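Visitor: I'd like to ask some things about the structure below.
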Amino acid sequence: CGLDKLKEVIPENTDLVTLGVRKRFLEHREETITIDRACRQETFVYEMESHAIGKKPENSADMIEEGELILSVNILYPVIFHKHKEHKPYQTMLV
DNA sequence: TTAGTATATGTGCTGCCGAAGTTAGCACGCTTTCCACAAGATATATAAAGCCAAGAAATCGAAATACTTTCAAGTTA
């Protein structure tokens, strides 16, 4: 179980299944998507997840003890949104 | 035969609670059977329309996609 014996290189020249979908997506990207952008919500999620990576408290007494319950709670307050798009109305919190 | 005793003799006492009767003057005001006589419940046109419930077709309601708009960030300049 090492990395020196593990496959950067173009993922091709092997009998695969998902690689066909991957190449189709690459072609669809080269068609209209330009460089690496238009991923607004994607970068939002990325940064909002990185904001909580390895941040230490200002005081030593504010260290979260091991095993503390973290609960994810979505909230739907507003009516002003897409009732059509599967429903994505409002923010989600952690407590 | 006569004095002592038990009884009933009607009598006379006590309470016994109740009995009739009282309280003043106007103006307002259901069951068994048994029973018998006649009335369900019966075919049958019959024209007529209104009603009350299975089916068949129709269209309304709206849900999952297809167009256009719209930004917003990024391109040739």
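Chain lettering (A, B, ...) mirrors the order of the structure tokens, residue numbering begins at 1 for each chain separately, and ligand numbering begins at 1 in order of display.
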Pull out every residue of chain A that has at least one atom within 10 Å of chain B, counting only C-alpha atoms (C1' of nucleotides), and report them as a PyMOL selection string.
Guide: chain A and resi 34-35+37-38+84
Visitor: Contacts of residue 74 (chain A) at 10 Å or less, counting only C-alpha atoms (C1' of nucleotides), minus same-chain residues fewer than 6 places along, as a list in words?
Guide: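 Result of the neighbour search: residues 89, 90, 91, 92, 93 and 94 of chain A.
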Visitor: Take the residues from that selection and write them out as a tab-separated table (two decimals), in the first residue's frame, keeping N, CA and C atoms.
Guide:
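Output below, filename out.tsv:
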```tsv
chain	number	residue	atom	x	y	z
A	89	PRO	N	-33.89	27.59	-1.92
A	89	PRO	CA	-34.18	28.93	-1.37
A	89	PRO	C	-33.23	29.65	-0.44
A	90	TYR	N	-32.65	28.97	0.55
A	90	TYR	CA	-31.87	29.70	1.55
A	90	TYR	C	-30.72	29.02	2.26
A	91	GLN	N	-29.94	29.80	2.99
A	91	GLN	CA	-28.77	29.30	3.72
A	91	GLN	C	-28.82	28.06	4.60
A	92	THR	N	-27.66	27.43	4.81
A	92	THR	CA	-27.55	26.27	5.69
A	92	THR	C	-26.54	26.57	6.80
A	93	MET	N	-26.81	26.13	8.03
A	93	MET	CA	-25.92	26.46	9.14
A	93	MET	C	-25.37	25.20	9.79
A	94	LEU	N	-24.27	25.37	10.53
A	94	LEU	CA	-23.72	24.34	11.40
A	94	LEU	C	-23.81	24.81	12.84
```
Visitor: Write out as a list in words all residues of chain A that backbone DSSP assigns to helix (DSSP H, G or I).
Guide: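 The helix (DSSP H, G or I) subset of chain A is residues 18, 19, 20, 21, 22, 23, 24, 25, 26, 27, 28, 29, 30, 31, 32, 40, 41, 42, 43, 44, 45, 46, 47, 48, 49, 50, 60, 61 and 62 of chain A.
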Visitor: Write out the residues from the selection above, keeping C-alpha atoms, as a tab-separated table (two decimals), in the first residue's frame.
Guide:
```
chain	number	residue	atom	x	y	z
A	18	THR	CA	-16.30	6.65	-17.10
A	19	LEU	CA	-13.43	7.94	-19.23
A	20	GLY	CA	-15.83	8.20	-22.17
A	21	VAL	CA	-18.08	10.52	-20.17
A	22	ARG	CA	-14.97	12.38	-19.04
A	23	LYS	CA	-13.84	12.97	-22.62
A	24	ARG	CA	-17.36	14.00	-23.64
A	25	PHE	CA	-17.36	16.55	-20.80
A	26	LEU	CA	-13.91	17.79	-21.85
A	27	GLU	CA	-15.20	18.31	-25.40
A	28	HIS	CA	-18.35	20.06	-24.18
A	29	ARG	CA	-16.07	22.31	-22.12
A	30	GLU	CA	-13.72	23.11	-25.00
A	31	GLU	CA	-16.84	23.99	-27.02
A	32	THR	CA	-18.10	26.94	-24.96
A	40	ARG	CA	-19.44	31.02	-8.88
A	41	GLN	CA	-21.29	28.66	-6.53
A	42	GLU	CA	-18.41	26.19	-6.78
A	43	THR	CA	-15.84	28.70	-5.56
A	44	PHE	CA	-18.34	29.85	-2.93
A	45	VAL	CA	-18.61	26.33	-1.52
A	46	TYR	CA	-14.83	25.90	-1.76
A	47	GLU	CA	-14.07	29.03	0.25
A	48	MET	CA	-16.86	28.48	2.78
A	49	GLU	CA	-15.47	24.98	3.42
A	50	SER	CA	-11.86	26.18	3.62
A	60	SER	CA	-6.85	28.38	24.93
A	61	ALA	CA	-10.13	27.88	26.81
A	62	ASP	CA	-12.15	28.01	23.56
```
Visitor: List every residue of chain A that DSSP, applied to the backbone of this structure, assigns to strand (DSSP E), and report them as a VMD selection string.
Guide: chain A and resid 72 to 74 92 to 94
Visitor: Could you pull the residues within 12 Å of residue 87 (chain A), counting only C-alpha atoms (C1' of nucleotides), minus those fewer than 6 positions along the same chain, as a list in words?
Guide: residues 74, 75, 76, 78, 79, 80 and 81 of chain A
